[PDB]
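Residue numbers (the deposited numbering), protein chains in the order written: chain H, 29 to 121; chain D, 29 to 122; chain W, 124 to 147, 175 to 188, 203 to 844, 1006 to 1072, 1118 to 1212, 1245 to 1266; chain F, 25 to 102; chain B, 16 to 102; chain E, 41 to 135; chain A, 41 to 134; chain T, 124 to 147; chain C, 15 to 111; chain G, 8 to 111.
Heads up, the beta-carbon is just placed ideally off N, CA and C, and yes, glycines get one too.
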Amino acid sequence: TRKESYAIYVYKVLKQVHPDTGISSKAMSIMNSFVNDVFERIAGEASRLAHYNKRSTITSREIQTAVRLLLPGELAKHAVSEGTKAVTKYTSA
Amino acid sequence: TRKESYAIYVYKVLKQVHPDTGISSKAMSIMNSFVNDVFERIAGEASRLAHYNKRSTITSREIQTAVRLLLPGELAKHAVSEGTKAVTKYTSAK
Amino acid sequence: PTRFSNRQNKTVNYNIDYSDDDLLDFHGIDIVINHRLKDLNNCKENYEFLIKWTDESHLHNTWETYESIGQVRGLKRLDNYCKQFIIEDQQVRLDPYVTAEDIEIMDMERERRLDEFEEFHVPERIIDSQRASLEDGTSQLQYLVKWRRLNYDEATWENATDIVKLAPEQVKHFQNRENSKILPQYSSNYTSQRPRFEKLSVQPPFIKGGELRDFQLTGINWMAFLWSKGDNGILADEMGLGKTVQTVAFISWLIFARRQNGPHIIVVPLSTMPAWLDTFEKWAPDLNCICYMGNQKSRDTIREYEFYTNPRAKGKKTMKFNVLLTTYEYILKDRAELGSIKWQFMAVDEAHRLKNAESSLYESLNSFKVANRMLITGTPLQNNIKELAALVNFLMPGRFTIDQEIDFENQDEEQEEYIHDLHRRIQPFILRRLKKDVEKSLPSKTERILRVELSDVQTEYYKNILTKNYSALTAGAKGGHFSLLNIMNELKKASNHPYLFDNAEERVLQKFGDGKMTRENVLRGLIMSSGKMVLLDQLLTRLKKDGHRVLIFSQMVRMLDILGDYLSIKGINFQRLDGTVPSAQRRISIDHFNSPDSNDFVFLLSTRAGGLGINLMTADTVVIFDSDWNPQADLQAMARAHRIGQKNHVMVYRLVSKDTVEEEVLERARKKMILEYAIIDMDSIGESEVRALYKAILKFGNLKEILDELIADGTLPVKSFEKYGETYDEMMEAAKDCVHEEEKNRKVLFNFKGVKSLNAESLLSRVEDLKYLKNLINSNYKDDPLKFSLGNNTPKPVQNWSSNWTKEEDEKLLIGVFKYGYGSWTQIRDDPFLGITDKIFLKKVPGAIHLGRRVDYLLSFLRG
Amino acid sequence: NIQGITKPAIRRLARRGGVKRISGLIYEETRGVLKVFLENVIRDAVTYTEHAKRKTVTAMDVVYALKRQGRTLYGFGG
Amino acid sequence: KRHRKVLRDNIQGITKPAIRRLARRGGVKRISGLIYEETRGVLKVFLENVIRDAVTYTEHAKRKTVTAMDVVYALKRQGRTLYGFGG
Amino acid sequence: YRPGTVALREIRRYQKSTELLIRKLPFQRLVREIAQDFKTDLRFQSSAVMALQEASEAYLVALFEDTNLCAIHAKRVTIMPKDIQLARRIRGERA
Amino acid sequence: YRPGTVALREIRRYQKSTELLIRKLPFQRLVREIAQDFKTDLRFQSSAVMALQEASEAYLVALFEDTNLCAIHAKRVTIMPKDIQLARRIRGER
Amino acid sequence: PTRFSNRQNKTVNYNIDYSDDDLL
Amino acid sequence: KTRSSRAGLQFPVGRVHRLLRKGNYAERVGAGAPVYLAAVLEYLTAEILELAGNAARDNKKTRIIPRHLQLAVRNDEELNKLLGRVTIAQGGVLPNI
Amino acid sequence: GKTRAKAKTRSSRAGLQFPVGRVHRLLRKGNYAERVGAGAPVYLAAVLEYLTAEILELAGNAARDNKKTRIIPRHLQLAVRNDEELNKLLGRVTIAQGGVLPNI
DNA sequence: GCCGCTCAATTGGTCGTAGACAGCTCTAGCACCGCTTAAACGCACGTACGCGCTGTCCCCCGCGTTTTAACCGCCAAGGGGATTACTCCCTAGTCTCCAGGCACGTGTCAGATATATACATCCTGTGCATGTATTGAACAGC
DNA sequence: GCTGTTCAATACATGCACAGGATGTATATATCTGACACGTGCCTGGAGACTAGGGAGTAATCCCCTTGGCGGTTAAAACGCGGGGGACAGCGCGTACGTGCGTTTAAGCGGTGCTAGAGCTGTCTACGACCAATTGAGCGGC
Ligand SMILES: Nc1ncnc2c1ncn2[C@@H]1O[C@H](COP(=O)(O)OP(=O)(O)O)[C@@H](O)[C@H]1O
Ligand code: BEF
Ligand SMILES: [Mg+2]
């Protein structure tokens, strides 16, 4: 069989935060599960926000509010800052 | 907003079990919430059942297993019997 | 770093390490061996017990009793022994159901237990020697002894003056091992090219134990030929043709003839470790052969004492031993310890275990830095071609790579081409001979396969299994939930015997007229509940009347439980060997069954643990109670009877349940069988050499006869014997001339080859004295030097020496000089046959120079 | 303010819970626990209200905030 | 012997010292001798009501092998999300 | 009436009825204040405040049940703050 | 070490470590016994059994932590069955 | 009584009415 | 003539099918799915109203009210397990009796 | 704050390491809604990258101070459970081969 | 409660894709044996912890009075939410082409470990010096 | 004249110093091992471009609901006191748990061997969507 994973992007971010350290395959599968879980949480809540407003589309506003619902405290406002920055770069680029 | 409700059907079901009794509007709204909640929970489980199997369609098979996951004990056994009976009588009609 | 968090977390310490320092060799009873006359209070009053102490060997066993013991650690072990004794005595004396033969068995058990402990006080080898300083300020020579049938844990320091009286030969062997002429550091180094080989016409004289057969000489010749070319190969001789003897003889030849002494490893199946080691002890007794086995402490002790010369040295440590025998388990457990050694030769017995190239054994052994490899197996079993390819790849890494993995079909033109090419291409490296060709003195084997009808209990079980009748099967388990995840296994179980199922015996004893105590009817059920048991009893009764003795193999240990119970209820004497039986007990069981007075009629054997390498030629009949999916395992079992040591016709019976899965297993085995058939400077002398030769001459006198030994043992560097003869004669002549010049100037220090300060008079006097000593000892007592005596000749007394010294001490000291030469005071004091060992010291009066001058005085007096 | 949740109201709530006796310190505990609960629900309710661009918090987005807490409430719609 | 073996019971395979170790990791200083059979009951109830859901997922897929994914899904239904087995 | 019975009498009275037990206007003021800290000038649909009161009181009643079990476990009858802190910690609300 | 410390030594050791504390084979046999009530002759992928062991050990450890808090609330130090029952009831695990 | 459920329920008494004569 | 009456259901199979589409629970919804789901909803509604009707009779009331729904749900072990995380507005508690 | 966006890959245009193409495919294939705006997968990939960087930073700190060069599940558990907000996010998650926090 | 109107459901036909069915192949799952070692179990004994009992003091509950706030009714005004309509922009769908990621092999670079060589120190042996004992010769006495 | 004792000369025995040889230690050099980089090939998914339709965004209007104020009445809440009950602390005793020790059992890892089930591929047929038109039921007001 074949399967596909965030592992290479986890390695990239790791080398951005700790360039000398490695990560075990088990820990990498933990990180892959964590990314999949958080993705499904944010997407499922954005889906509920869309349905509650009779909207047909998921936009940045849905993702932003789902992030403000799902993430606690400072982790939310920092994630929202990273998202709005990335969307600004993507739009102006 | 022509809000959808189950009230007239809850009444029709009520009159099959206790035709002498009535039902308060508040208790009717609680029954309406109950029906919506159970519908959404079964449909959600059938959805992720379909996704787990990489199927695109929700069938009676998915609803049946979503009921067996969601409902406890004998309440499941009787709900599954009622569902398969209704699907059989439907399939043997026009 | 490039990303940084901007969350205002406080710092955290994640270190999980901690210490618990905030929370901060005795004379116990080890074992109770036996008891004799002087409830538990009757035990205290009546009885006296033979105690084995902790930290002491079985030589120090003492009779004791409770008041003599007092309070000490291990007393609970004496309580438990008394309790067991009480239960034994109640069954023997009281129990009115005890039978006469049960009384005989309970008396025999006393012999069976005591016959073990009677070995443990006999030395098996001396490991090492020390001098222990006493509180008396004197010191005692001690020997670290390993006892017979004991590991290297519970090896114990013992008084050398006692051990020499107890076990002289083992001390002589230890002294020989210390004086070894064949120590791995003196190994020859044919690194470029090995010397050519001429066929041996007769076995070399160093092969001690007996006579090799002509086919065994041929095998050794083939092994030596391949080694000379540098080629690895397989000993594939049919099972029981002396592949062990051929391997020991080849390693012996390699050491003595080539002088490739060096660490050789032999990795062996556990059940055969004794037979390998007993072969070395017979056929090559001069080899320092070590067996590496036992618990962590035992083999750690082996590594510490046995492995190294100077174990405390800290660089390029070198090895004391010629051969290491090891079980496959320890090549995995001690992979790092053994893999660090520069092994010169590796032999693998029952090599076919390597057939899975992915196995951890294969990876481990293949990582060892061995210079040459050798496989031994009577069944290079081509159960598939990839499994043979794994063996060949193990012999030939990166050479003769079998990458044509395709399995042979029954018929193709490409199949016949590839099989024929493979056959001729492998043939250079596999040597195989067969008993009927080799040794017509073998009596024939023959095999009969017996079809057997299922019993009705079996028939209903087999039906319920096929129909997956879970309810009826659960009733057959009395509510134990049956399962059929491996239907094949359950069908084979039902085909052998229903008592393999949880309550099939209960379901027949529920015919309660058969039930409970009913000796006759419990056996009646146990036999009649399966066809194989009925036929087996008919066979076993015939064989018992004829007087045959039978090995019974099974692929199920619970079937051996059923057979063992059946035989015990019939009162038949039998032995049992399966992989749960520990090494010592299986060693005893094999020795006993092969004992010529042995009463045992049956040997119950597991086909895996008991099918490999055991010697059971004193049986003549084999029953394969169920057949394996691999035919070669059954042939290996049949070979366990059909040894070269056989002396009667061997009869093999297979029992096949007819109309069952067993015959499908037979047909798949036969198809694999037919597939396997289808595949089947020297003159240059430096200053150091002159100085060493001079010291050797002053030690040994005339070296020119011993010189081979002095070169072999590292006394002298490797150089031509003629050049040492020349330089010896030149040095003696120069000494004579310099003494003559000294005499002419008087009417002796000289230089030789640029060596300074050589004394001529010391050479001539020491040569004269040792020549006289050698001729005197050889002339009086060539055969038995310890009987030598000086007669009436009495020299001047010792000059106030602090030790009793007499004509006896002079005699023994001269024997020491005869054995070890002058100046060897360490060996002379250490050799316990001389008795001096206490007398001689390093401020003490009998110093090295004092004893040397005493020896020179004695030799002058006896010359005078 | 929180002090409007009176001592006897907390008594009545404890009585429905079957409390036979109640220490005088329980009132400020109960007020704290209530304030924390209301804060957690109103945060999510107001988040739904503000995402909808409304200025009125509605029974439906309170019901959604409770469904987020795993405390689904029947009888207010939904 | 053939017949002397005692099967114990499979729930008794969760030994007293295993429960002791679990309680130690939970920081328990001292432990009453009745806790073992209570702990075995609690474990059996948990493991039953997880395995029932896992088998329900396996049977809806018409598989015969229970897989680490439908265990992970059965646990996710309980709100006991497990990281490290996929999903 | 027997001495000290009235507490059990109250237990009967309040368990039998379904009334809301907090005064409505004080709870509305509390909700207004807390919302005002999140977002100024919010408005509340009155059914929203009723739903929020019903959920709040059902939560407090169930918490007092768990607290009373913690008090009984201590061989004690008076509920103490540490009983609430235990119930909330076990039920996972120490957040 | 001082008397009575070994309880603390064990706590320190087992809280440091991470291995699974139940023996693997006994647990696998228990899992198969339990499963066979729901469908006979199921096979198990080995990682499924490891996932069940990881989940059940994490559950038992957290339950013992809550039980210990209940025992400390009694002002005992021995945990008692009623502590497990009280923890599970307040959890709503019934 | 047109529709019934086959559930093997136990019997239950739902009457909440109560008295305090045991408190008197 | 309705789809519900061919199944014999009181609940609207057409409504359920429309909701299964509107919610985008999957790309496709089979023809049997809404009949089965409507039947299960009808069964659970009947069992709830049965027990609430009993509770109303035992309290000598002609209308079923939230108190009776709460009593009916909480006294049944299975409905109480289905609705364990659910709060019923204007429900009381079960009295200790 | 700025990026050259020279590469075609949409992540590089956003300045993200995480795969915006995947996040868009998964949002679209997951039936979360009828329609998926082009900004949604950028915002979501950015949030996923932020959270994974935050965890890996704390796990690397825990590995460093435990003096090991590789992050292992022990360190992921130590990082999550020592951080109040990651612990509140993952308060219902079990990490395989994670331990407990040692009492200290 | 009944009648009228509007909106959603039902009916029919067509088209395309998903699911069902069949076959094939390979991996992983099941059972059992071998071998070793550590863990688990049985048993005894001693001390610490749990539980019962008692006493005392403080806090809570019952009762009465007084005071404050909530609830109910009513009125008024404005804001916000909901609905309707139109228009523009965004996203889905399709097609085509490019790039990235998987995948493996090979070579080179980097880092660590082992081996070789040299120098220093310690141990042992030999030679020389000094002291003491032994041997030989002479002198004295019987 | 012979014998015993004393004196003198020589040889042996011991201690110390020096020389020589071996062992240990440190540094330099080279080899070994592992990982990364680069090249090549293949396959698949993303990116880019174009088109059309629908959804969202914007604007306007209308109506309902929420907010704020006022007034009166009644019940609830708050304050205060006294007495009794319950909580907490201290003490004693007995049992249960825990620690040590010996012995047995079973787990863990490695191997053996087969088979079933999972996964993938290909083809065909039926079912579900989409679109249009018609019919019947549900909501709303009289
Ligand atoms: N040269 C020999 N002389 C006498 N007996 C021999 C000789 N070679 C082998 N044997 C007998 O064969 C037995 C060993 O069997 P062996 O051939 O070593 O098994 P295999 O070679 O199949 O592993 C020994 O007990 C020994 O008596
Ligand atoms: F092959 Be032999 F019998 F060991
Ligand atoms: Mg052999």
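- For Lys-407(W), the CB falls within less than 8 Å of some heavy atom of ligand 3.
- For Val-107(G), a Cβ of chain A is located within less than 9 Å of the residue's own Cβ.
- Under the Cβ distance rule, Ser-61(H) counts among the residues neighbouring chain B, one pair being separated by less than 9 Å.
- Remark: the shortest separation between the CB of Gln-306(W) and any heavy atom of ligand 1 does not fall under 8 Å.
- Taken through DSSP and simplified to helix, strand or coil, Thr-80(F) comes out as strand.
- If you check the CB distance, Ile-505(W) and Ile-429(W) come in under 9 Å.
- Within the stretch 345 to 409 of chain W, the complete beta strand (DSSP E) segments at least 3 residues long are 397 to 399, listed from N- to C-terminus.
- Here the stretch 1126 to 1141 of chain W makes no contact with the stretch 1169 to 1183 of chain W; the two share fewer than three CB pairs at distances below 8 Å.
- Residues of the stretch 54 to 88 of chain E with a C-beta less than 9 Å from any C-beta of chain C: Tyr-54, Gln-55, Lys-56, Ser-57, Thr-58, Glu-59, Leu-60, listed in chain order.
- In summary, the residues of the stretch 36 to 62 of chain D whose CB is separated from some CB of chain T by less than 7 Å are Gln-44, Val-45, in the order they occur in the chain.
- Per the coordinates, the alpha-carbon of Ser-47(F) lies some 6 Å from the alpha-carbon of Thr-118(E).
- For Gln-294(W), the uninterrupted beta strand (DSSP E) segment begins and ends at 287 to 297.
- Note that the C-beta distance between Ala-78(H) and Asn-60(H) is not below 9 Å.
- Not one heavy atom of ligand 1 sits closer than 8 Å to the Cβ of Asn-660(W).
- Looking only at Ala-421(W), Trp-447(W), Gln-460(W), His-645(W), the smallest Cα-Cα distance to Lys-79(A) is reached by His-645(W).
- Linking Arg-77(C) to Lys-95(G) through their CA atoms gives a straight-line distance of about 46 Å.
- The continuous beta strand (DSSP E) containing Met-815(W) extends over residues 814 to 821.
- When only Cα atoms are considered, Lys-20(B) and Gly-28(B) end up about 16 Å apart.
- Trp-1195(W) is the residue among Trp-1195(W), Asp-1208(W), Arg-713(W) whose C-alpha sits nearest the C-alpha of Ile-1251(W).
- Closest option to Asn-38(C), judged by alpha-carbon separation, among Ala-104(D), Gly-50(D), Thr-85(D): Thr-85(D).
- Of all alpha-carbon atoms in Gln-24(G), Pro-109(G), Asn-68(G), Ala-40(G), the one lying nearest the alpha-carbon of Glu-105(A) is that of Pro-109(G).
- Using a Cβ-Cβ cut-off of 8 Å, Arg-128(A) is close to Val-57 of chain B, given in chain order.
- At least one C-beta of chain A is nearer than 9 Å to the C-beta of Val-65(B).
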